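Report on the following structure.
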Number of protein chains: 2
Amino acid sequence: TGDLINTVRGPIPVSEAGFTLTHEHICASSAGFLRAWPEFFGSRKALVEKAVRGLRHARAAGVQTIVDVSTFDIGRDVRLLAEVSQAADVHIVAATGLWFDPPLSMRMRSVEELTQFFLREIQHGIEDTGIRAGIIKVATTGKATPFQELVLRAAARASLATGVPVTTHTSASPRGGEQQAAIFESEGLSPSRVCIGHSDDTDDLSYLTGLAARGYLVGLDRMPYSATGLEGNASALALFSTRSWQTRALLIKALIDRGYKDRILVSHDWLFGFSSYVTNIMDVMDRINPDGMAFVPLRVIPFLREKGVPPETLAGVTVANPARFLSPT
Amino acid sequence: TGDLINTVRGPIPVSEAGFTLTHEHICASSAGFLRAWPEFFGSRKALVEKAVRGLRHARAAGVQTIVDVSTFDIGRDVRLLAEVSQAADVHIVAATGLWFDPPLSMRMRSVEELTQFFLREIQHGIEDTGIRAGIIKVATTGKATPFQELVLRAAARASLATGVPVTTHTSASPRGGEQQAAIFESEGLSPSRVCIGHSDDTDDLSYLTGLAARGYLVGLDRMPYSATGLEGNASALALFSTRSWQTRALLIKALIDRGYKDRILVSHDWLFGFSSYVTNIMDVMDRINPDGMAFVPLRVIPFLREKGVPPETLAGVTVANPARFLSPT
Ligand SMILES: [Co+2]
Ligand SMILES: [Co+2]
Ligand SMILES: [Co+2]
Ligand SMILES: [Co+2]
């Protein structure tokens, strides 16, 4: 009690976040795209309706909060997030930071300038809305580019200044998490403020326990991205692993069994619109995972319980860990 | 009389466009950037004030209309353009198309999809504003990328459907104009609907007369970008030629003297804000060309007249050619 987090609807007590999905998207797009071309998604109204239906389904399954890690360059539309949050009665935490599609006006900026931008979005508000980011999302695409290194440093500095956590996108080994951690540590950022994301890309437990032992949160955040029979579909195959979702879920158990229950964050990296990829990709995705953001509570959590993971441990992973992570510290 | 063009303030008679600068920018930025980070420019209010002062100065010098060739990915803000137009009493024609910083949500699109996007901006309106584009801006960066080829084809198709002209960015030989022309012609687009831009990058008269003889407009559109003593400034040196502005202006005369007065468009490629380049670049630019968008009427036109170019010919270049170009045909 007492700790607060900023959501798209305003401040909430940390203790009310409850079952929280820490890496999700309402819509994965590009800066300005939803405003310029809403008909790409059918209409803005259709997108809202789809997202509200999806979040109500997650809510029915026990999800109380999602962290939308869409940055500026993922085309984050905080007004969209606020509308969907209100209609679905699910809290949404918005993000600042930069992903791997920064436009020239971002790419030309110094570390100091990027720090100011991230701070604006956390402390002042996003655009002219007054809605404040509650997380900082960064990305590397293998070895960090010089610009990506600036982004990571600016993220660390904004975090140090505000207490807001940092969360990352990694490629599937590199293993890019290690270089991210090195940069963060060089800036004096506490590992407990950082989630190294997409860490379920591989089953490298030495890598994962290595990060966890140092205090990092490990984001096992692509839980539903498993499918069979996609070989005649190149674009879909790129998204969905042959590894059964059961295999991804077993990684959660593997980390728990090794003593790292407090260092795990679980999510889907799901979405309700996706313009930064091939046209009609949603059709494929929704057929594979019709449960959307309810997949984790409906399938992953019961599977773990049925494998003998204690209910208290599962609550710790899905409630306590996100609360500790999101609490400005 | 009778012909109309769309401006950011609504339809105007073609005959009221008058002295028109056919390649300019209010602000060269990135999609969503002005909305997300207006303090980069001091404030949105400061940017408006600077632009209004600049356009009033151009207006005082005889400029009645500018064509703002900022696309979606140049961070075109049509509401900004409308505000500045109203305050300065200068017509502004807005653009659709894509320049060389398309985000993923654009890069993933088919020719048919891009055609629909360009048509939306021409026929329906930009974003939710009802303001309709009156030109289509495309760019190649040397040899056209596969995506850039799609953009050029979609531009040709949108032009064929609406009569709105196409205007291009080229690099400094390639000479990239030739490949652009080839693609446009393969789509059945009339050369008289097309301006091959930045054609003053080089003094290659065989190239320029080659295009003009085929019916293309040749955009001599970087008139003020000349300076001396910038060697201790790498970023400024990249923008400003050692060639005196007099040399650029002599190219206009060269084309007139060879019989191509009807195929020339003259502009500055000036701007009042510039976030897609190095910080504080405006300081450099404004010190070099304090006259801004009045440079052409104040310096270039009198220089040509004093070299013996007939006033009627100069009026034809600055009034008749833009009117013919912009008139949907
Ligand atoms: Co990611
Ligand atoms: Co994601
Ligand atoms: Co250009
Ligand atoms: Co330009």
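Residues are named by chain letter and number: chains run A, B, ... in the order of the structure tokens, numbers start at 1 in each chain, and ligands are numbered from 1 in the order shown.
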Inset, instruction - Please identify all polymer residues within 12 Å of range 209-212 of chain B, counting only C-alpha atoms, omitting same-chain residues fewer than 3 positions from it, and present them as a PyMOL selection string. - result: chain B and resi 175-182+191-192+194-197+199+203-206+215-219+251-252+254-265
Taking a cut-off of 8 Å and counting only C-alpha atoms and all ligand atoms, can you build a table that, for each residue of chain A near ligand 1, reports the nearest atom pair and how far apart they are in Å (one decimal), sorted by chain then residue number, as a Markdown table?
```
| residue | atom | partner | partner_atom_place_in_ligand_line | distance |
| --- | --- | --- | --- | --- |
| A:99 | CA | ligand 1 | 1 (Co) | 8.0 |
| A:139 | CA | ligand 1 | 1 (Co) | 7.2 |
| A:168 | CA | ligand 1 | 1 (Co) | 7.4 |
| A:169 | CA | ligand 1 | 1 (Co) | 4.4 |
| A:170 | CA | ligand 1 | 1 (Co) | 6.7 |
| A:197 | CA | ligand 1 | 1 (Co) | 7.3 |
| A:198 | CA | ligand 1 | 1 (Co) | 6.6 |
| A:269 | CA | ligand 1 | 1 (Co) | 7.4 |
```
Would you save the residues from that selection as a PDB file, in the first residue's frame, using N, CA, C and O atoms?
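Okay, result.pdb is ready:
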```pdb
ATOM      1  N   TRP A  99      12.139   1.790 -29.825  1.00  0.00           N
ATOM      2  CA  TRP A  99      12.281   0.435 -30.357  1.00  0.00           C
ATOM      3  C   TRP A  99      13.195   0.518 -31.598  1.00  0.00           C
ATOM      4  O   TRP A  99      14.015   1.452 -31.690  1.00  0.00           O
ATOM      5  N   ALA A 139      15.426  -1.377 -27.293  1.00  0.00           N
ATOM      6  CA  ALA A 139      15.625  -2.559 -28.121  1.00  0.00           C
ATOM      7  C   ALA A 139      17.024  -2.581 -28.697  1.00  0.00           C
ATOM      8  O   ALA A 139      17.564  -1.537 -29.070  1.00  0.00           O
ATOM      9  N   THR A 168      13.358  -4.511 -22.031  1.00  0.00           N
ATOM     10  CA  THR A 168      14.042  -4.593 -23.314  1.00  0.00           C
ATOM     11  C   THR A 168      13.492  -5.616 -24.291  1.00  0.00           C
ATOM     12  O   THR A 168      12.843  -6.596 -23.901  1.00  0.00           O
ATOM     13  N   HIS A 169      13.760  -5.343 -25.568  1.00  0.00           N
ATOM     14  CA  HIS A 169      13.642  -6.295 -26.647  1.00  0.00           C
ATOM     15  C   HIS A 169      15.045  -6.815 -26.922  1.00  0.00           C
ATOM     16  O   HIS A 169      15.988  -6.022 -27.066  1.00  0.00           O
ATOM     17  N   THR A 170      15.176  -8.135 -27.002  1.00  0.00           N
ATOM     18  CA  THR A 170      16.401  -8.761 -27.496  1.00  0.00           C
ATOM     19  C   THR A 170      16.085  -9.632 -28.708  1.00  0.00           C
ATOM     20  O   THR A 170      14.959 -10.117 -28.854  1.00  0.00           O
ATOM     21  N   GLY A 197      14.008  -8.673 -21.980  1.00  0.00           N
ATOM     22  CA  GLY A 197      12.845  -9.257 -22.645  1.00  0.00           C
ATOM     23  C   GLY A 197      13.177 -10.297 -23.689  1.00  0.00           C
ATOM     24  O   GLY A 197      14.352 -10.484 -24.054  1.00  0.00           O
ATOM     25  N   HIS A 198      12.123 -10.977 -24.150  1.00  0.00           N
ATOM     26  CA  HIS A 198      12.194 -12.044 -25.152  1.00  0.00           C
ATOM     27  C   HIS A 198      13.237 -13.078 -24.782  1.00  0.00           C
ATOM     28  O   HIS A 198      13.925 -13.608 -25.647  1.00  0.00           O
ATOM     29  N   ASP A 269       3.354 -10.803 -25.459  1.00  0.00           N
ATOM     30  CA  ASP A 269       3.702  -9.959 -26.608  1.00  0.00           C
ATOM     31  C   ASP A 269       2.597 -10.050 -27.669  1.00  0.00           C
ATOM     32  O   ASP A 269       2.863 -10.123 -28.883  1.00  0.00           O
TER      33      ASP A 269
END
```
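Where the distance criterion is 9 Å and the atoms used are only C-alpha atoms and all ligand atoms, the residues close to ligand 2 are residues 23, 24, 25, 28, 68, 69, 70, 168, 169, 197, 198, 221, 222, 268, 269, 270 and 271 of chain A.
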Hey, can you spit out that residue selection with N, CA and C atoms as a tab-separated table (two decimals), in the first residue's frame?
```tsv
chain	number	residue	atom	x	y	z
A	23	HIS	N	4.51	-7.40	-20.81
A	23	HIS	CA	4.93	-7.05	-22.18
A	23	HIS	C	3.82	-7.36	-23.18
A	24	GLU	N	3.02	-6.34	-23.48
A	24	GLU	CA	1.92	-6.50	-24.42
A	24	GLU	C	1.82	-5.27	-25.32
A	25	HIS	N	0.96	-5.36	-26.33
A	25	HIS	CA	0.69	-4.19	-27.20
A	25	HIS	C	-0.80	-4.13	-27.50
A	28	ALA	N	0.58	-2.73	-32.63
A	28	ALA	CA	1.97	-2.55	-33.03
A	28	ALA	C	1.96	-1.86	-34.39
A	68	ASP	N	1.62	-1.87	-21.78
A	68	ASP	CA	1.72	-1.73	-23.22
A	68	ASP	C	3.10	-1.13	-23.50
A	69	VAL	N	4.01	-1.96	-24.02
A	69	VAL	CA	5.40	-1.52	-24.23
A	69	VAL	C	5.62	-0.93	-25.64
A	70	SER	N	4.54	-0.39	-26.22
A	70	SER	CA	4.63	0.33	-27.50
A	70	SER	C	5.23	1.70	-27.24
A	168	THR	N	13.36	-4.51	-22.03
A	168	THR	CA	14.04	-4.59	-23.31
A	168	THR	C	13.49	-5.62	-24.29
A	169	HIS	N	13.76	-5.34	-25.57
A	169	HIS	CA	13.64	-6.30	-26.65
A	169	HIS	C	15.04	-6.82	-26.92
A	197	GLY	N	14.01	-8.67	-21.98
A	197	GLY	CA	12.85	-9.26	-22.65
A	197	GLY	C	13.18	-10.30	-23.69
A	198	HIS	N	12.12	-10.98	-24.15
A	198	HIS	CA	12.19	-12.04	-25.15
A	198	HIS	C	13.24	-13.08	-24.78
A	221	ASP	N	8.17	-13.79	-22.47
A	221	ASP	CA	7.08	-12.90	-22.90
A	221	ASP	C	6.46	-13.20	-24.25
A	222	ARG	N	6.73	-14.38	-24.80
A	222	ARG	CA	6.12	-14.76	-26.07
A	222	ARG	C	5.38	-16.09	-25.93
A	268	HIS	N	2.69	-12.25	-23.13
A	268	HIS	CA	2.40	-12.82	-24.46
A	268	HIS	C	3.08	-12.10	-25.61
A	269	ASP	N	3.35	-10.80	-25.46
A	269	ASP	CA	3.70	-9.96	-26.61
A	269	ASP	C	2.60	-10.05	-27.67
A	270	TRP	N	1.34	-10.09	-27.20
A	270	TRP	CA	0.19	-10.13	-28.08
A	270	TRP	C	-0.20	-8.72	-28.52
A	271	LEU	N	-1.19	-8.64	-29.40
A	271	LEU	CA	-1.64	-7.35	-29.96
A	271	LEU	C	-2.98	-7.55	-30.64
```
Inset, instruction - Name the closest residue to ligand 4 among the candidates B:137, B:79, B:50, B:57; distances are taken between atoms, counting only C-alpha atoms and all ligand atoms. - result: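 Among B:137, B:79, B:50, B:57, it is B:137 that comes nearest to ligand 4.
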Legend entry - Non-local contacts of residue 91 in chain B (9 Å; only C-alpha atoms; under 5 positions in same chain excluded) as a list in words: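 After dropping sequence-adjacent residues, the list is residues 7, 8, 9, 12, 17, 20, 64, 65, 66, 67, 82, 85 and 86 of chain B.
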Selected residues written out with N, CA, C and O atoms, as a PDB file, in the first residue's frame:
```
ATOM      1  N   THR B   7      -5.683  23.710 -51.317  1.00  0.00           N
ATOM      2  CA  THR B   7      -4.705  24.235 -50.374  1.00  0.00           C
ATOM      3  C   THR B   7      -5.114  23.839 -48.954  1.00  0.00           C
ATOM      4  O   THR B   7      -6.204  23.286 -48.722  1.00  0.00           O
ATOM      5  N   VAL B   8      -4.252  24.157 -48.000  1.00  0.00           N
ATOM      6  CA  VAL B   8      -4.519  23.776 -46.602  1.00  0.00           C
ATOM      7  C   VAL B   8      -5.691  24.575 -46.028  1.00  0.00           C
ATOM      8  O   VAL B   8      -6.193  24.253 -44.948  1.00  0.00           O
ATOM      9  N   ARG B   9      -6.081  25.641 -46.731  1.00  0.00           N
ATOM     10  CA  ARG B   9      -7.267  26.441 -46.347  1.00  0.00           C
ATOM     11  C   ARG B   9      -8.485  26.195 -47.219  1.00  0.00           C
ATOM     12  O   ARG B   9      -9.515  26.890 -47.070  1.00  0.00           O
ATOM     13  N   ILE B  12      -8.738  26.864 -54.070  1.00  0.00           N
ATOM     14  CA  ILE B  12      -8.510  28.217 -54.637  1.00  0.00           C
ATOM     15  C   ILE B  12      -8.499  28.136 -56.161  1.00  0.00           C
ATOM     16  O   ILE B  12      -8.176  27.092 -56.734  1.00  0.00           O
ATOM     17  N   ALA B  17      -3.058  31.493 -57.538  1.00  0.00           N
ATOM     18  CA  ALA B  17      -1.842  30.978 -56.922  1.00  0.00           C
ATOM     19  C   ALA B  17      -0.695  31.990 -57.083  1.00  0.00           C
ATOM     20  O   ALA B  17       0.136  32.169 -56.168  1.00  0.00           O
ATOM     21  N   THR B  20       4.600  31.326 -57.264  1.00  0.00           N
ATOM     22  CA  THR B  20       4.543  30.073 -56.483  1.00  0.00           C
ATOM     23  C   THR B  20       5.912  29.418 -56.359  1.00  0.00           C
ATOM     24  O   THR B  20       6.607  29.226 -57.375  1.00  0.00           O
ATOM     25  N   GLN B  64       3.170  34.318 -53.356  1.00  0.00           N
ATOM     26  CA  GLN B  64       1.731  34.228 -53.025  1.00  0.00           C
ATOM     27  C   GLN B  64       1.357  32.820 -52.564  1.00  0.00           C
ATOM     28  O   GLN B  64       0.411  32.647 -51.776  1.00  0.00           O
ATOM     29  N   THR B  65       2.122  31.828 -53.030  1.00  0.00           N
ATOM     30  CA  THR B  65       1.830  30.406 -52.738  1.00  0.00           C
ATOM     31  C   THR B  65       3.129  29.632 -52.550  1.00  0.00           C
ATOM     32  O   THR B  65       4.101  29.888 -53.258  1.00  0.00           O
ATOM     33  N   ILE B  66       3.143  28.695 -51.607  1.00  0.00           N
ATOM     34  CA  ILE B  66       4.226  27.711 -51.551  1.00  0.00           C
ATOM     35  C   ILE B  66       3.621  26.329 -51.620  1.00  0.00           C
ATOM     36  O   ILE B  66       2.476  26.115 -51.186  1.00  0.00           O
ATOM     37  N   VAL B  67       4.392  25.410 -52.186  1.00  0.00           N
ATOM     38  CA  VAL B  67       4.000  23.993 -52.171  1.00  0.00           C
ATOM     39  C   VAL B  67       4.880  23.343 -51.121  1.00  0.00           C
ATOM     40  O   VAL B  67       6.102  23.291 -51.265  1.00  0.00           O
ATOM     41  N   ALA B  82      -1.989  24.868 -42.019  1.00  0.00           N
ATOM     42  CA  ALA B  82      -3.196  25.701 -42.087  1.00  0.00           C
ATOM     43  C   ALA B  82      -3.079  26.959 -41.207  1.00  0.00           C
ATOM     44  O   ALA B  82      -3.474  28.051 -41.626  1.00  0.00           O
ATOM     45  N   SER B  85      -0.491  29.377 -42.801  1.00  0.00           N
ATOM     46  CA  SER B  85      -1.097  29.928 -44.032  1.00  0.00           C
ATOM     47  C   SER B  85      -2.058  31.052 -43.694  1.00  0.00           C
ATOM     48  O   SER B  85      -2.007  32.122 -44.305  1.00  0.00           O
ATOM     49  N   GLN B  86      -2.946  30.790 -42.738  1.00  0.00           N
ATOM     50  CA  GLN B  86      -3.949  31.791 -42.333  1.00  0.00           C
ATOM     51  C   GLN B  86      -3.297  33.048 -41.787  1.00  0.00           C
ATOM     52  O   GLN B  86      -3.711  34.163 -42.134  1.00  0.00           O
TER      53      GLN B  86
END
```
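Atom pair CA of residue 238 in chain A / CA of residue 101 in chain A: separated by 18.7 Å.
Among the candidate residues A:287, A:157, A:109, A:56, the one lying nearest to chain B is A:109, with distances computed using only C-alpha atoms.
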Inset, instruction - Using only C-alpha atoms, find which residues of chain B lie within 7 Å of chain A and jot them down as a ChimeraX atom specification. - result: /B:29-32,35-37,101,103-105,108,126-127,275-278
Restricting it to N, CA and C atoms, dump the selection as a compact mmCIF listing (two decimals), in the first residue's frame.
```txt
# COMPACT_ATOMS: atom_id res chain seq x y z
N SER B 29 10.62 17.28 -40.58
CA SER B 29 10.61 16.53 -39.32
C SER B 29 10.35 15.04 -39.61
N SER B 30 9.64 14.37 -38.70
CA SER B 30 9.34 12.96 -38.85
C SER B 30 7.91 12.74 -38.37
N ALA B 31 7.28 11.69 -38.88
CA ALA B 31 5.91 11.39 -38.52
C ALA B 31 5.78 11.34 -36.99
N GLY B 32 4.78 12.06 -36.47
CA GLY B 32 4.52 12.11 -35.03
C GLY B 32 5.43 12.94 -34.14
N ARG B 35 4.20 16.39 -32.60
CA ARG B 35 3.20 16.12 -31.56
C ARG B 35 3.84 15.59 -30.27
N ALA B 36 4.83 14.71 -30.43
CA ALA B 36 5.46 14.05 -29.28
C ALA B 36 6.51 14.90 -28.57
N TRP B 37 7.12 15.84 -29.30
CA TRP B 37 8.29 16.56 -28.76
C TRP B 37 8.36 18.00 -29.30
N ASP B 101 12.28 8.22 -45.47
CA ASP B 101 12.25 7.75 -44.08
C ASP B 101 10.93 7.06 -43.72
N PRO B 103 8.44 4.52 -42.18
CA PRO B 103 8.51 3.57 -41.08
C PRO B 103 8.09 2.19 -41.58
N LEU B 104 8.28 1.17 -40.73
CA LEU B 104 7.90 -0.21 -41.11
C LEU B 104 6.47 -0.35 -41.63
N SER B 105 5.53 0.37 -41.02
CA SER B 105 4.12 0.26 -41.40
C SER B 105 3.87 0.75 -42.84
N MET B 108 6.16 -2.11 -45.40
CA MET B 108 5.57 -3.44 -45.59
C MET B 108 4.45 -3.43 -46.62
N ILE B 126 -6.31 14.54 -45.36
CA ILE B 126 -5.20 14.11 -44.54
C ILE B 126 -5.66 13.93 -43.10
N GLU B 127 -5.33 12.77 -42.53
CA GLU B 127 -5.73 12.42 -41.15
C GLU B 127 -7.25 12.62 -41.05
N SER B 275 14.10 18.95 -37.72
CA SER B 275 14.52 17.99 -36.69
C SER B 275 15.17 16.74 -37.26
N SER B 276 15.08 16.55 -38.58
CA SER B 276 15.63 15.35 -39.22
C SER B 276 17.12 15.53 -39.56
N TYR B 277 17.75 16.50 -38.93
CA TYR B 277 19.18 16.71 -39.09
C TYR B 277 19.79 17.11 -37.75
N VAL B 278 21.02 17.61 -37.77
CA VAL B 278 21.71 17.93 -36.52
C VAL B 278 21.06 19.07 -35.75
```
Legend entry - Residue neighbourhood residue 298 in chain B, 12 Å, only C-alpha atoms, exclusion window fewer than 3 positions, as a PyMOL selection string: chain B and resi 57-63+223-224+289-295+301-305
Using only N, CA, C and O atoms, please write the residues we just selected to a file, as a PDB file, in the first residue's frame.
```pdb
ATOM      1  N   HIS B  57       7.453  37.548 -44.875  1.00  0.00           N
ATOM      2  CA  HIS B  57       8.607  38.140 -45.581  1.00  0.00           C
ATOM      3  C   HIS B  57       8.611  37.741 -47.050  1.00  0.00           C
ATOM      4  O   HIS B  57       8.763  38.580 -47.947  1.00  0.00           O
ATOM      5  N   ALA B  58       8.409  36.448 -47.313  1.00  0.00           N
ATOM      6  CA  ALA B  58       8.241  35.991 -48.691  1.00  0.00           C
ATOM      7  C   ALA B  58       7.068  36.685 -49.408  1.00  0.00           C
ATOM      8  O   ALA B  58       7.183  37.085 -50.565  1.00  0.00           O
ATOM      9  N   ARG B  59       5.947  36.838 -48.700  1.00  0.00           N
ATOM     10  CA  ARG B  59       4.781  37.493 -49.241  1.00  0.00           C
ATOM     11  C   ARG B  59       5.095  38.959 -49.632  1.00  0.00           C
ATOM     12  O   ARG B  59       4.701  39.421 -50.727  1.00  0.00           O
ATOM     13  N   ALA B  60       5.789  39.653 -48.727  1.00  0.00           N
ATOM     14  CA  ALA B  60       6.199  41.058 -48.958  1.00  0.00           C
ATOM     15  C   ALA B  60       7.030  41.138 -50.254  1.00  0.00           C
ATOM     16  O   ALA B  60       6.920  42.100 -51.040  1.00  0.00           O
ATOM     17  N   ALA B  61       7.850  40.110 -50.476  1.00  0.00           N
ATOM     18  CA  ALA B  61       8.720  40.036 -51.675  1.00  0.00           C
ATOM     19  C   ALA B  61       8.013  39.558 -52.942  1.00  0.00           C
ATOM     20  O   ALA B  61       8.625  39.476 -54.024  1.00  0.00           O
ATOM     21  N   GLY B  62       6.728  39.203 -52.819  1.00  0.00           N
ATOM     22  CA  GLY B  62       5.928  38.812 -53.983  1.00  0.00           C
ATOM     23  C   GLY B  62       5.446  37.370 -54.056  1.00  0.00           C
ATOM     24  O   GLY B  62       4.708  37.032 -54.974  1.00  0.00           O
ATOM     25  N   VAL B  63       5.840  36.545 -53.088  1.00  0.00           N
ATOM     26  CA  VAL B  63       5.452  35.125 -53.088  1.00  0.00           C
ATOM     27  C   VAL B  63       4.014  35.009 -52.596  1.00  0.00           C
ATOM     28  O   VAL B  63       3.701  35.523 -51.527  1.00  0.00           O
ATOM     29  N   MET B 223      18.018  26.945 -54.537  1.00  0.00           N
ATOM     30  CA  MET B 223      18.662  28.210 -54.901  1.00  0.00           C
ATOM     31  C   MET B 223      19.587  28.851 -53.839  1.00  0.00           C
ATOM     32  O   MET B 223      20.665  29.350 -54.198  1.00  0.00           O
ATOM     33  N   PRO B 224      19.166  28.899 -52.554  1.00  0.00           N
ATOM     34  CA  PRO B 224      20.007  29.583 -51.549  1.00  0.00           C
ATOM     35  C   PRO B 224      21.120  28.732 -50.929  1.00  0.00           C
ATOM     36  O   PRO B 224      21.862  29.231 -50.066  1.00  0.00           O
ATOM     37  N   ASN B 289      21.295  32.362 -45.126  1.00  0.00           N
ATOM     38  CA  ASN B 289      20.202  32.904 -45.935  1.00  0.00           C
ATOM     39  C   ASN B 289      19.130  33.553 -45.063  1.00  0.00           C
ATOM     40  O   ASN B 289      18.053  32.977 -44.873  1.00  0.00           O
ATOM     41  N   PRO B 290      19.419  34.750 -44.501  1.00  0.00           N
ATOM     42  CA  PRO B 290      18.440  35.408 -43.636  1.00  0.00           C
ATOM     43  C   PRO B 290      17.132  35.755 -44.352  1.00  0.00           C
ATOM     44  O   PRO B 290      16.091  35.877 -43.696  1.00  0.00           O
ATOM     45  N   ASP B 291      17.170  35.862 -45.679  1.00  0.00           N
ATOM     46  CA  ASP B 291      15.966  36.159 -46.448  1.00  0.00           C
ATOM     47  C   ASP B 291      15.022  34.971 -46.586  1.00  0.00           C
ATOM     48  O   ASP B 291      13.889  35.136 -47.023  1.00  0.00           O
ATOM     49  N   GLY B 292      15.487  33.778 -46.218  1.00  0.00           N
ATOM     50  CA  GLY B 292      14.591  32.604 -46.220  1.00  0.00           C
ATOM     51  C   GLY B 292      13.939  32.387 -47.579  1.00  0.00           C
ATOM     52  O   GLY B 292      14.618  32.321 -48.622  1.00  0.00           O
ATOM     53  N   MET B 293      12.615  32.297 -47.584  1.00  0.00           N
ATOM     54  CA  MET B 293      11.860  32.060 -48.814  1.00  0.00           C
ATOM     55  C   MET B 293      11.630  33.307 -49.691  1.00  0.00           C
ATOM     56  O   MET B 293      10.943  33.228 -50.718  1.00  0.00           O
ATOM     57  N   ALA B 294      12.185  34.448 -49.261  1.00  0.00           N
ATOM     58  CA  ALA B 294      12.203  35.653 -50.098  1.00  0.00           C
ATOM     59  C   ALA B 294      13.478  35.709 -50.949  1.00  0.00           C
ATOM     60  O   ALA B 294      13.626  36.605 -51.768  1.00  0.00           O
ATOM     61  N   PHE B 295      14.390  34.758 -50.763  1.00  0.00           N
ATOM     62  CA  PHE B 295      15.656  34.786 -51.507  1.00  0.00           C
ATOM     63  C   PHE B 295      15.463  34.786 -53.027  1.00  0.00           C
ATOM     64  O   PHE B 295      16.111  35.557 -53.758  1.00  0.00           O
ATOM     65  N   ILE B 301      15.585  36.435 -59.073  1.00  0.00           N
ATOM     66  CA  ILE B 301      14.823  37.004 -60.179  1.00  0.00           C
ATOM     67  C   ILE B 301      15.457  38.322 -60.704  1.00  0.00           C
ATOM     68  O   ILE B 301      15.623  38.481 -61.922  1.00  0.00           O
ATOM     69  N   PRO B 302      15.816  39.267 -59.798  1.00  0.00           N
ATOM     70  CA  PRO B 302      16.503  40.475 -60.292  1.00  0.00           C
ATOM     71  C   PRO B 302      17.830  40.184 -60.984  1.00  0.00           C
ATOM     72  O   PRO B 302      18.150  40.845 -61.973  1.00  0.00           O
ATOM     73  N   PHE B 303      18.574  39.199 -60.488  1.00  0.00           N
ATOM     74  CA  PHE B 303      19.847  38.797 -61.105  1.00  0.00           C
ATOM     75  C   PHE B 303      19.590  38.342 -62.540  1.00  0.00           C
ATOM     76  O   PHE B 303      20.277  38.771 -63.460  1.00  0.00           O
ATOM     77  N   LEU B 304      18.580  37.494 -62.733  1.00  0.00           N
ATOM     78  CA  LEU B 304      18.223  37.034 -64.073  1.00  0.00           C
ATOM     79  C   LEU B 304      17.771  38.171 -64.975  1.00  0.00           C
ATOM     80  O   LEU B 304      18.159  38.228 -66.146  1.00  0.00           O
ATOM     81  N   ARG B 305      16.975  39.090 -64.431  1.00  0.00           N
ATOM     82  CA  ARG B 305      16.501  40.231 -65.203  1.00  0.00           C
ATOM     83  C   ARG B 305      17.693  41.084 -65.622  1.00  0.00           C
ATOM     84  O   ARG B 305      17.770  41.557 -66.765  1.00  0.00           O
TER      85      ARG B 305
END
```
Inset, instruction - Quick one: pull the distance between CA of residue 97 in chain A and CA of residue 98 in chain B, Å, one decimal. - result: 25.3 Å
Inset, instruction - Write down as JSON, numbers by chain the residues belonging to range 115-271 of chain A that are assigned alpha helix (DSSP H) by DSSP computed on the backbone. - result: {"A": [115, 116, 117, 118, 119, 146, 147, 148, 149, 150, 151, 152, 153, 154, 155, 156, 157, 158, 159, 160, 161, 162, 177, 178, 179, 180, 181, 182, 183, 184, 185, 186, 205, 206, 207, 208, 209, 210, 211, 212, 213, 234, 235, 236, 237, 238, 239, 245, 246, 247, 248, 249, 250, 251, 252, 253, 254, 255, 256, 257]}
Inset, instruction - Would you return as a list in words the members of range 90-329 of chain B that DSSP assigns to strand (DSSP E or B) on this structure's backbone? - result: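 Filtering range 90-329 of chain B down to strand (DSSP E or B) leaves residues 91, 92, 93, 95, 96, 97, 98, 135, 136, 137, 138, 139, 166, 167, 168, 169, 194, 195, 196, 217, 218, 219, 220, 226, 241, 264, 265, 266 and 274 of chain B.
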Could the residues in this selection be written to a file with C-alpha atoms, as an mmCIF file, in the first residue's frame?
```cif
data_model
loop_
_atom_site.group_PDB
_atom_site.id
_atom_site.type_symbol
_atom_site.label_atom_id
_atom_site.label_comp_id
_atom_site.auth_asym_id
_atom_site.auth_seq_id
_atom_site.Cartn_x
_atom_site.Cartn_y
_atom_site.Cartn_z
ATOM 1 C CA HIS B 91 -1.450 29.834 -49.839
ATOM 2 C CA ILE B 92 0.074 26.466 -48.955
ATOM 3 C CA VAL B 93 -0.415 23.310 -51.017
ATOM 4 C CA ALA B 95 1.621 16.867 -50.260
ATOM 5 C CA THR B 96 1.040 13.148 -50.097
ATOM 6 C CA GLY B 97 3.595 10.483 -51.122
ATOM 7 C CA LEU B 98 6.632 9.137 -49.287
ATOM 8 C CA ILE B 135 0.792 17.146 -54.996
ATOM 9 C CA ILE B 136 2.456 13.738 -54.637
ATOM 10 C CA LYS B 137 6.152 13.770 -53.344
ATOM 11 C CA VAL B 138 8.427 10.740 -53.974
ATOM 12 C CA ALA B 139 12.138 10.147 -53.449
ATOM 13 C CA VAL B 166 4.126 14.219 -58.942
ATOM 14 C CA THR B 167 7.334 15.839 -57.711
ATOM 15 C CA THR B 168 10.581 14.112 -56.856
ATOM 16 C CA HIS B 169 13.687 14.150 -54.730
ATOM 17 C CA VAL B 194 6.103 15.305 -63.219
ATOM 18 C CA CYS B 195 8.820 17.524 -61.741
ATOM 19 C CA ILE B 196 12.219 15.883 -61.371
ATOM 20 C CA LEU B 217 9.519 19.881 -65.411
ATOM 21 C CA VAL B 218 12.994 20.348 -64.007
ATOM 22 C CA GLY B 219 13.080 21.503 -60.386
ATOM 23 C CA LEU B 220 15.881 23.964 -59.757
ATOM 24 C CA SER B 226 25.475 28.234 -51.350
ATOM 25 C CA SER B 241 27.590 24.222 -51.970
ATOM 26 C CA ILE B 264 11.509 25.096 -65.324
ATOM 27 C CA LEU B 265 10.356 25.283 -61.702
ATOM 28 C CA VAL B 266 12.355 27.386 -59.234
ATOM 29 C CA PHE B 274 14.516 20.902 -39.131
#
```
